[PDB]
Each structure stands twice: as structure tokens, then as C-alpha cells.
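Novice: Got a structure for you, questions after.
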Amino acid sequence: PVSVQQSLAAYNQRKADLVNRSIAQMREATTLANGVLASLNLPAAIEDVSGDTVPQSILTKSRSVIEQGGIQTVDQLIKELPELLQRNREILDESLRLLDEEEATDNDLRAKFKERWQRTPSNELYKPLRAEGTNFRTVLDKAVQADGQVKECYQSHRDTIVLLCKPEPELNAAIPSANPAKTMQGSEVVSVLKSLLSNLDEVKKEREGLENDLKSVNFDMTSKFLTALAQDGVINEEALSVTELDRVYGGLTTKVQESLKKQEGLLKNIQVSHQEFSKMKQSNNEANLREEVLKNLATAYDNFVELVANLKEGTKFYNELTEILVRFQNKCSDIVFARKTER
């Protein structure tokens with residue numbers, strides 16, 4: 001309660017959460033937009049003015065996947081995961097084998113002798129280790145569950161990706177060619193839509209800035225903490241941190257609230273606008289093919305995007321988890337060493 005070192009540790013904890021939480025809000029909002037925006041396929045069906053073909057905000061989206069490497073990026077990563085996770089089951093399962101085994105020796109030693117086997121029991125001693133052990137496990141299970149959720153997600157969408165790596169066959173398939181092109185071109189309500197759609201980008205973009213700006217902050221409370229100790233007999237970490245957390249992130253916290261509760265206005269004022277776009281109800285047949293598809297295309301893009309990250313980071317994770325468990329292992333085997341070497 002008067003240690004600067006621990007006081008610092010708290011700040012990093014409190015700082016990290018502030019930042020993380022803030023990043024998460026923005027990343028979930030960006031995806032929630034893309035879902036809405038592709039649930040109504042706006043980029044696709046404004047650029048559909050030239051009905052015939054429509055290589056538009058999707059050839060765009062196809063080029064960037066070709067750039068990306070297509071499934072050959074995904075399909076490679078996905079197959080790689082179970083091995084990584086198996087590595088991790090194993091390290092944990094050994095650590096606990098080591099433990100279960102000495103413990104069993106110990107248990108029969110006090111059984112055979114009694115008084116004369118007077119050390120403190122492995123029962124009791126490895127209770128923390130086990131506690132620790134079972135959390136790793138919790139992590140794994142949830143990791144398996146999340147990894148399951150992924151395998152369905154791409155598995156399902158995959159069809160709609162393979163078809164997005166074509167330069168001219170793209171038409172003959174993707175394009176149903178509905179003949180729907182309306183003289184309803186760049187009319188008043190179609191331009192108010194383009195800007196309201198490109199505003200959302202200037203919104204989409206700044207979120208990188210906001211994110212990076214948030215991570216780039218480093219403050220260092222040491223001086224602040226020492227001075228509180230040398231003025232009062234104590235350190236009141238919560239109060240010191242809160243007050244300096246606002247001074248340092250409060251200006252980036254509003255920019256976060258002001259990116260979110262601005263998206264609110266931009267969202268609900270299009271649900272309306274997109275209906276005020278189709279009170280002309282086009283054609284419930286050929287344009288169906290023209291419609292539902294474009295709606296099913298941007299989701300194939302959006303979902304691909306969110307699919308590399310999940311993967312890339314599940315990987316990153318797994319290898320950090322590993323370097324964590326190994327440490328766990330060693331600790332178990334050290335403690336085990338301590339017991340044979342004991343007395």
C-alpha cells in the first residue's frame with residue numbers, strides 16, 4: 001500500500017484495459033456496420049447504375065483478395081491450427097502427469113510409514129499448481145470452442161470466396177446479368193446516398209488513427225507515485241491513476257464515444273434512405289438474382305477479412321500460450337525435483 005512497484009503494475013493493468021476496451025468497441029462497431037451495409041448491399045447496388053455487368057466495389061473487393069492470396073492464405077492457416085493446439089494440450093497434460101505421479105508416490109509413502117514420513121504432503125503443496133493447471137485448461141476448452149466456431153464459419157462461406165478470384169469468368173458466374181439497369185441513375189437521392197456511404201469511410205479510417213493514437217501513449221507514473229509517498233505516508237493508487245488516466249486518455253476517450261454515437265445517426269438515417277430508394281420496387285424475378293447475390297458478396301468479403309485476423313491471432317496466441325506452458329512445465333518438474341532431492 002506504499003510500494004511504488006506494485007502501484008505501477010496496477011496502472012499498467014488499468015491503462016491496458018482502458019485501451020483494449022476502447023479498441024474493442026470500435027472493432028465491433030466497424031463489423032456491425034459492414035453487416036448492416038452488406039445486408040443492404042449499398043456499395044454494390046448504387047454502383048449497379050450500369051446493371052449489365054457491375055464490376056464495381058466488388059472487383060475492388062476481389063483484387064484486394066487476390067492481393068491477399070485468396071483461400072491459399074486461409075486454407076493453409078486453418079489446417080495449421082489443430083497441431084498448434086495439440087502441442088498445447090500435451091505440455092499441460094505432461095505438467096500434470098509429473099505432478100500426479102510424485103503425489104501418488106508421496107501418498108503411499110505416508111500410508112506405508114506415517115509419522116516417519118513427516119514432510120508436508122504433495123496433496124497440499126500442489127493445490128496452487130493444480131488451481132493454476134485448471135485455468136490453462138479453461139482457456140483451452142474455450143479456444144477449442146472458438147476454433148470450432150471458425151471452422152463452420154469459413155466452411156460455410158468458402159463457396160462464395162473461390163468464385164471471387166476470377167477476372168472475366170467473374171461475370172458468367174457471379175453476375176446473373178438481370179437487365180435491371182434503371183434510368184434511375186445519379187438522381188438526387190442517389191448522390192445523398194454516395195456521400196452518406198463515403199462519410200462512413202472517413203469514419204472507418206480514423207479508427208486506425210484513434211487506435212494507434214491510443215496504443216502510442218506511455219505515461220510513467222513513477223514520479224507521480226514517489227511524490228505521493230513523500231507527501232503523505234502512503235500511495236492511493238486508484239485515485240492517482242484515475243485522475244491521470246483522464247488527463248492522458250480523456251481526450252481520446254471522447255473521440256471514441258464520438259466515433260460510436262456518430263455512427264448511430266449515420267446508421268438509422270439509411271435504413272430509412274434505402275427504403276426511400278426502392279418505393280419504385282424494381283423487378284421481383286431477374287433483379288432478385290441481381291439483388292440477393294450482391295448482398296451475399298460483400299458478406300463473403302467482410303467475413304473473409306474477419307477470418308484472417310481470427311486465424312492470424314489464434315496462431316500468435318497459441319505460440320505465446322506455449323511459451324507460457326513450458327514455464328509451467330519446468331516449474332512442476334522443478335518442484336518434483338525438489339521432492340526427490342528432499343531430505
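To be explicit about the labels: the chains of the C-alpha cells are called A, B, and onward in the order shown, and within each one the residues are counted from 1, while ligands get numbers from 1 in the order they are shown.
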Contacts of range 254-265 of chain A at 9 Å or less, counting only C-alpha atoms, minus same-chain residues fewer than 5 places along, as a list in words?
Specialist: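 Close residues of range 254-265 of chain A: residues 22, 23, 25, 26, 29, 33, 200, 203, 206, 207, 210, 249 and 270 of chain A.
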Novice: Could you pull the residues within 7 Å of range 286-290 of chain A, counting only C-alpha atoms, minus those fewer than 2 positions along the same chain, as a count of residues only?
Specialist: 9
Novice: Which one is closest to residue 163 in chain A: A:46, A:71, A:309, A:196? Count only C-alpha atoms.
Specialist: A:71
Novice: Find the residue from A:70, A:48, A:92, A:16 that sits nearest to residue 323 in chain A; use only C-alpha atoms when measuring.
Specialist: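 Checking each candidate against residue 323 in chain A, we get A:92 as the closest.
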Novice: Calculate how many Å separate CA of residue 56 in chain A from CA of residue 295 in chain A, rounding to one decimal.
Specialist: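 Pair CA of residue 56 in chain A / CA of residue 295 in chain A returns 13.6 Å.
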Novice: For residue 129 in chain A, please output as a PyMOL selection string all residues within 10 Å (counting only C-alpha atoms; exclusion window: fewer than 2 positions along the same chain).
Specialist: chain A and resi 95-96+99+124-127+131-134+328+331-332+335
Novice: Enter the distance from CA of residue 77 in chain A to CA of residue 34 in chain A, in Å, rounded to one decimal.
Specialist: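 For CA of residue 77 in chain A relative to CA of residue 34 in chain A, the distance reads 24.0 Å.
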Novice: Point out the residue among A:271, A:319, A:53, A:199 with the least atom-to-atom distance to residue 171 in chain A, counting only C-alpha atoms.
Specialist: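 Ranking A:271, A:319, A:53, A:199 by distance to residue 171 in chain A, first place goes to A:53.
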Novice: Go ahead and compute the interatomic distance for CA of residue 107 in chain A and CA of residue 121 in chain A, in Å to one decimal.
Specialist: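 Answer for the CA of residue 107 in chain A to CA of residue 121 in chain A separation: 7.6 Å.
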Novice: Return the single residue from A:119, A:190, A:223, A:296 that is closest to residue 340 in chain A, with distances computed using only C-alpha atoms.
Specialist: A:119
